[PDB]
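Proteins come first, then strands; the chains are lettered A, B, ... in the order of their sequence lines, and each starts at number 1.
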Amino acid sequence: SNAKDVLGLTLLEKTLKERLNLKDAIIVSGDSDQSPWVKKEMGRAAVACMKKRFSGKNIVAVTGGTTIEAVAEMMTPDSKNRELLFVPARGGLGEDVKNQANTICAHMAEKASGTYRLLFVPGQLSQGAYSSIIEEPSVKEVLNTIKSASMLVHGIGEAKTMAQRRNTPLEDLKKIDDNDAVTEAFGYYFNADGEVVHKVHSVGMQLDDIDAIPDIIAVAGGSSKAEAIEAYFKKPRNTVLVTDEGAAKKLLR
Amino acid sequence: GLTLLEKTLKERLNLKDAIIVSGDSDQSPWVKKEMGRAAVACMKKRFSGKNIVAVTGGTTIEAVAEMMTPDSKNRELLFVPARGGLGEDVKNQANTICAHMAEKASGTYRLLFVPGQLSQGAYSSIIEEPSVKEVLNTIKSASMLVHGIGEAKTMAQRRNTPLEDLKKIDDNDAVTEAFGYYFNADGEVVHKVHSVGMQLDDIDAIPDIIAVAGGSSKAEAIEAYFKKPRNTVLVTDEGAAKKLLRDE
Ligand SMILES: O=P(O)(O)OC[C@H]1O[C@](O)(CO)[C@@H](O)[C@@H]1O
Ligand SMILES: O=P(O)(O)OC[C@H]1O[C@](O)(CO)[C@@H](O)[C@@H]1O
């Protein structure tokens with residue numbers, strides 16, 4: 001791309017991909033921590049990435065957070081009219097409703113002119129209540145759909161920021177801090193070496209399940225996220241990262 | 001102050017206040033948007049420093065949401081649905097209207113996530129859980145309610161009312177509906193949709209209630225709902241008001 005070439009993004013993408021061993025790196029100009037439109041541009045870039053990767057039939061698992069909400073906001077109908085079903089990856093993870101995967105999922109599906117199926121399993125159910133709810137045919141059906149996701153679109157967060165944003169019990173805050181968590185993705189907190197140090201108790205997709213998902217797109221940027229993004233990608237994730245100059249330049253510095 | 005039509009409607013229906021926009025929303029669809037605009041202005045006049053606003057679904061309150069704008073006074077705004085599922089399709093559900101209105105207001109919101117395809121047993125489990133109780137408690141503390149009014153038969157059909165309940169609604173001569181309750185011509189409850197959240201007895205404690213409903217087809221339904229004292233502000237149109245008052 002001549003735009004990417006003149007802006008130095010082509011080189012920055014190659015350098016970032018090599019540094020993090022990514023399947024691919026897509027970087028938009030600017031720093032989303034400073035300039036609001038940059039998050040929207042990450043959203044647009046992620047949508048392009050998704051459309052390039054869709055097949056004839058698609059089950060797209062999505063996480064919540066403001067970044068995947070920006071992907072949803074930038075989503076448009078498929079000109080090839082391929083079959084699109086959107087589901088949340090997990091149960092919502094203690095996010096307020098605006099930031100929950102169900103909310104992002106519904107928004108994305110409407111914008112894509114696709115269909116969606118939501119997962120309603122509250123995070124603080126008693127053992128007994130949980131046992132009954134997961135046997136419910138409607139819950140089983142959504143969980144089974146998630147098990148066959150062909151695509152995952154997910155955010156990445158700094159550990160402390162995420163622990164604070166969600167309704168994280170004191171007991172869990174202590175564990176997150178004691179084990180030096182630096183980054184978070186889809187209900188897992190990781191340390192600087194990309195090892196899992198704390199897991200949010202949820203339903204749906206688990207970390208081991210991503211290996212079976214052919215197309216995974218992480219969308220996260222802003223200089224504040226540089227260490228979080230680096231830590232997450234310490235492990236093989238077979239993932240395309242959509243990010244911005246803010247995060248990428250800080251990471252590479 | 002009030003026009004003679006507004007003054008007459010306020011007296012006739014024992015309203016806290018009447019706001020009547022021009023035209024008949026059953027003939028001129030955009031008039032629903034003008035009811036929405038007037039309702040938003042009314043809400044803004046009644047806000048305190050901190051607010052918990054319970055809202056119903058339906059196209060009229062969706063129009064309120066569409067016309068909502070942020071508060072120039074920057075008052076604290078938390079929106080919630082009044083009740084759980086009432087059997088509306090997604091576009092007409094209180095949860096949908098609630099999220100839309102909150103976004104337009106730059107406020108915050110909480111949703112109720114109840115019945116759906118779930119068993120009674122699984123349903124009861126959900127309503128016991130901490131976050132769900134929190135929303136129910138928030139609704140219980142509402143400082144404002146913004147609700148629609150519909151014709152009973154129309155509303156029963158739009159929702160997916162079981163045949164046995166359709167028969168009961170008909171047999172008891174329901175004529176009007178609001179927030180999941182069906183009322184006869186004397187404004188007495190004759191059938192209720194089962195749903196968590198706000199109950200009819202709870203409206204008395206809510207300081208500001210704004211009903212938004214118009215169109216000549218709703219004149220009978222509006223009159224009947226207000227046959228009992230509701231201490232409510234009605235935002236309506238000339239279509240409804242003139243027909244109700246026999247002034248056209
Ligand atoms: O895009 P944001 O707003 O930074 O949030 C990202 C976070 O949201 C989630 O995707 C959902 O909780 C987290 O896994 C991730 O840490
Ligand atoms: O504004 P509409 O579309 O006529 O619907 C009014 C109806 O919508 C609801 O508020 C929601 O179901 C009902 O209580 C009310 O009767």
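Between the NZ atom in B:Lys91 and the CD atom in A:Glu110 there is a gap of 13.0 Å [rounded to 0.5 Å]. Between the CD atom of A:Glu136 and the OH atom of B:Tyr123 there is a distance of 13.5 Å, given to the nearest 0.5 Å.
Counted within 6.0 Å of CZ on B:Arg37, heavy atoms from surrounding residues, nucleotides or ligands total 12 or fewer; the atom is thus considered open. Within 6.0 Å of atom CG in B:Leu163, 12 or fewer heavy atoms from other residues, nucleotides or ligands are found, so the atom counts as exposed in its surroundings. Within a 6.0 Å radius of CG in A:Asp96, other residues, nucleotides and ligands contribute 12 heavy atoms or fewer. At most 12 heavy atoms of other shown residues, nucleotides or ligands fall within 6.0 angstrom of atom NZ in B:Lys33. At most 12 non-hydrogen atoms from other residues, nucleotides or ligands lie less than 6.0 angstrom from CG of B:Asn74.
The heavy-atom pair separating B:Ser125 from A:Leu125 by the smallest distance is O-CD2, 4.4 Å.
Contact of A:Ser126 with chain B is not made at all, since no heavy-atom distance falls under 4.5 Å. Heavy atoms closer than 4.5 Å to chain A are found in both the backbone and the side chain of B:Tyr109.
Among A:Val139, A:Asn102, A:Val97, A:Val121, the residue with the largest count of heavy-atom pairs under 4.5 Å with chain B is A:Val97.
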